[PDB]
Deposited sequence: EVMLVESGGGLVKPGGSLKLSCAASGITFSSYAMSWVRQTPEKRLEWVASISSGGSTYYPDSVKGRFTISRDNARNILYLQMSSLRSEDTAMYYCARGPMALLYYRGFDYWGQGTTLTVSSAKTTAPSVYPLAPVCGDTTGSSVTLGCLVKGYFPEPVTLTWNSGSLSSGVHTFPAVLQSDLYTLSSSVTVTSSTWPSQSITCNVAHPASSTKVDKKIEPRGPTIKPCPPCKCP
């Protein structure tokens, strides 16, 4: 599989610097035009930087002066150095095989999974993970509260139960995110089989498991 993987996202205060990386697998960056494209929390896609095969970089006026795009040929990594980060830079940053004049490469045809950047003054906080049990089908849940910033991954039995899941987008109030997830199953599985909520917030260095057990009197 041909694949791009971003990294280096996280929390920065307004005015701070941060350097995003992009590793490749199956593509050598030097051969193609490469770009960075960002997506705001309101889902507005904005192009932020690109570098041609020859080495010529070019940027939009909204991001020029502060952002600089570079590339290490030997290690085969594409970078995006950012500095004096403003509040509008809060976004999901994507690495992508950028636009070229030749027919086949005129769009952004490969895209990485995306590393997220938050630009705010709020301090990092670890989540609290609560197992939500009930009072043919049976529904369980998991509450992740009081964490900052995003992202936080939530999975069920380490990605075993993917079907019948509903993980809800996080919502902010007073610089603290709240996230929740639910899992519907048959009456046979649970309480007999063991369903557990696996949460992980990498910005505050915490990975946690919570086994949902039936509550007593």
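*For this chain, which runs of the deposited sequence have no C-alpha coordinates, given in order from the N-terminus?*
Since the structure holds only modelled residues, the stretches it omits are 136-141, 224-234.
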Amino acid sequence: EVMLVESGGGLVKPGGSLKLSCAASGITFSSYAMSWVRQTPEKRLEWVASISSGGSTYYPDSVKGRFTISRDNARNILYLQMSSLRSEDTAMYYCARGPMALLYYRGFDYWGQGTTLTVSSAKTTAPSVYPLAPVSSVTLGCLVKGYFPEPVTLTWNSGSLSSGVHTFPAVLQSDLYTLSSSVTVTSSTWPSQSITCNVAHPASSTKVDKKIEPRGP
From here on, numbers count along this sequence of modelled residues.
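*Comparing 103-111 with 83-91, which stretch shows the greater average C-alpha B-factor in the deposited entry?*
Looking at the recorded C-alpha B-factors, 83-91 comes out higher on average.
*asked:* I need to verify one thing: averaged over C-alpha atoms only, is the B-factor higher for 25-33 or for 186-194?
replied: Looking at the record's C-alpha B-factors, the answer is 186-194.
*Considering only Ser70, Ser56, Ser162, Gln39, which residue's Cα atom bears the greatest B-factor as recorded?*
That would be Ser162.
*According to the PDB entry, is the CA B factor of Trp47 in the bottom, middle or top third of its chain, that is, lowest, middle or highest?*
Answer is lowest: the recorded C-alpha B-factor places it there.
*Against its chain's modelled residues, does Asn76's Cα B factor rank lowest, middle or highest third?*
For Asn76, the deposited C-alpha B-factor lands in the lowest third.
*asked:* Lowest, middle or highest third: which one holds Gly146 when the chain's residues are ordered by CA B-factor from the entry?
replied: Ranked within chain, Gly146 CA B lands in the middle tercile.
*Consider only the C-alpha atoms of the modelled residues in this chain, order them by B-factor as the entry records it, and name the third containing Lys207: lowest, middle or highest.*
Highest third - that is where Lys207 ends up once the chain's C-alpha B-factors are sorted.
*Check where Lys19 lands among this chain's C-alpha B-factors and tell me if it's the lowest, middle or highest third.*
Tercile = lowest for this residue's CA B-factor.
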